[PDB]
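> This structure is in structure tokens; I'll ask about it shortly.
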Amino acid sequence: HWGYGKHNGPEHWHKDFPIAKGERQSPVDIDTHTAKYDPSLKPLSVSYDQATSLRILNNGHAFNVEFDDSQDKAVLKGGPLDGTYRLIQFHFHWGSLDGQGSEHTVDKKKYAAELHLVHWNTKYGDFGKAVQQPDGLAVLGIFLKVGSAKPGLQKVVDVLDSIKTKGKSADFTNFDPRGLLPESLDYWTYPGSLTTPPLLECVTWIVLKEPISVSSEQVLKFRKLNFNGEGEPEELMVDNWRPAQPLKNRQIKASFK
Ligand SMILES: CCCc1c(F)c(F)c(S(N)(=O)=O)c(F)c1F
Ligand SMILES: OC[C@H]1O[C@@H](O)[C@H](O)[C@@H](O)[C@@H]1O
Ligand SMILES: [Zn+2]
């Protein structure tokens, strides 16, 4: 199956997922000079006060922190979005070294990692139906740089030892995703896709301009996870990022002047 190595990574995905060469693939490089302020964007509303985290899972590609999405407990609205999008999970992409790891780039600069908060459009009733729609998903992307520690990330870091290998999960209740946000909600937005197979072109991307800072020790613990399952030879879970894809007939809009 697909992965991030030389024999099953991003340059191979198109053979089983031909949309990999499609017209609105993600991630992309964000050329900050070409992005244009869009006065039609409404204020962005991140409403995570009632979020209910449930579980953390190593899926062999990354780790997902999963939420209860049976009600509008944690929703994203506003900005470029029409209606209400419900948080289902978050996960990260990261590198083997601090100089790489993000999927989106900013004037070609790669960050050490990138956080994705995945939301589905409630007008479609379930995530599965949402990924049949051009406006089915909204992903809030947040860059990570290495500097001071992020206190709100530490609970995630400390549980990773219990989900080292593919297929392991652990209870992860009462986690507040608000502790992963930067101060500013200035953002860039464009239409794109899932960055993992099946690469479906369903996503409104909202990428925050301000990175969060995490400590070297925190990201080093990400890099101790394993792509492999228990009992199998160790393949460190690093460099689980897709590189930037062609922008094609798209414009990136900025929320800020
Ligand atoms: C495959 C369905 C689950 C899933 C998403 F919905 C999604 F949006 C992303 S991403 N990197 O584009 O944010 C994923 F990596 C991912 F695995
Ligand atoms: O025709 C002019 C229009 O061109 C579009 O490509 C831009 O997104 C708009 O901001 C601009 O007003
Ligand atoms: Zn992602």
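Every number in this text was worked out from the coordinates using simple rules, so none of it is lab data. Here the Cβ is made from the backbone with ideal geometry for all residues, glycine too, and neighbour counts use every protein chain on show.
> Let me know the Kirkwood hydrodynamic radius for segment 53-107, please, with Cα pairs as the basis and the value in Å to one decimal. Before the final figure, lay out each step's value.
Working: mean 1/r = 0.0734 Å⁻¹.
That comes to 13.6 Å for segment 53-107.
> Along the charge dipole of the chain, which of 97, 229, 159 sits closest to the positive end, that is, farthest toward it, with unit charges on the beta carbon of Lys, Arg, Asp and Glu (+1, +1, -1, -1)?
After comparing all options, I get 97.
> Express as a percent, rounded to the nearest 5, the fraction of DSSP beta bridges in the chain (both residues included) that run antiparallel.
Working: 43 of 56 bridges.
Counting DSSP beta bridges with both partners in the chain, the antiparallel share is about 75 percent.
> As a footprinting exposure proxy, order 222, 175 by other Cβ within 10 Å, with the fewest listed first.
Values: 222 26, 175 20.
Fewest to most other Cβ atoms nearby, the residues stand as 175, 222.
> Let me ask something additional. Ignoring solvent entirely, what values of log10 I(q)/I(0) come out of the Debye formula for segment 77-236 at 0.09, 0.16, 0.21 Å⁻¹ when each Cα is a single scatterer?
Values returned for q = 0.09, 0.16, 0.21 Å⁻¹ are -0.31, -1.01, -1.47.
> First select every other residue whose beta carbon is under 13 angstrom from the beta carbon of residue 83; then total the charges, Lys and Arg +1, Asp and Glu -1. All intermediate terms of the calculation are to be shown ahead of the outcome.
Values: positive: 42, 77, 86, 123; negative: 72, 82, 135.
Counting the neighbours of residue 83, the net charge comes to +1.
> Whole number please: convex hull volume per residue, Cα atoms of segment 110-200, in Å³.
Working: hull volume 14.9 nm³, N = 91.
In segment 110-200, the Cα hull volume divided by residue count equals 164 Å³.
> Taking the Cα centre of the chain as origin, work out the dipole magnitude from +1 charges on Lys and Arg Cβ and -1 charges on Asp and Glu Cβ, in debye rounded to 20. Let's see the in-between values first.
Numbers: 31 positive and 32 negative charges, 103 e Å.
Roughly 500 debye for the chain.
> Once every Cα of segment 1-131 carries one equal point scatterer and solvent is ignored, give the base-10 log of I(q)/I(0) from the Debye formula at q = 0.16 Å⁻¹, two decimals.
Once normalised to I(0) and log-transformed, intensities are -1.14.
> Also: Which order, highest average first, do 111-121, 210-220 follow once you tally other Cβ atoms within 10 Å for each residue and take the mean per peptide? Please report the intermediate quantities before stating the final value.
Details: 111-121: 24.8, 210-220: 17.2.
Those peptides, ordered most packed to least, come out 111-121, 210-220.
> Ignoring everything except DSSP H segments at least 4 long, calculate the 222 nm mean residue ellipticity for the chain; use -39,500 (n - 2.57) per segment, divide by total residues, nearest 500.
Helix contribution divided over all residues of the chain: -1500 deg cm²/dmol.
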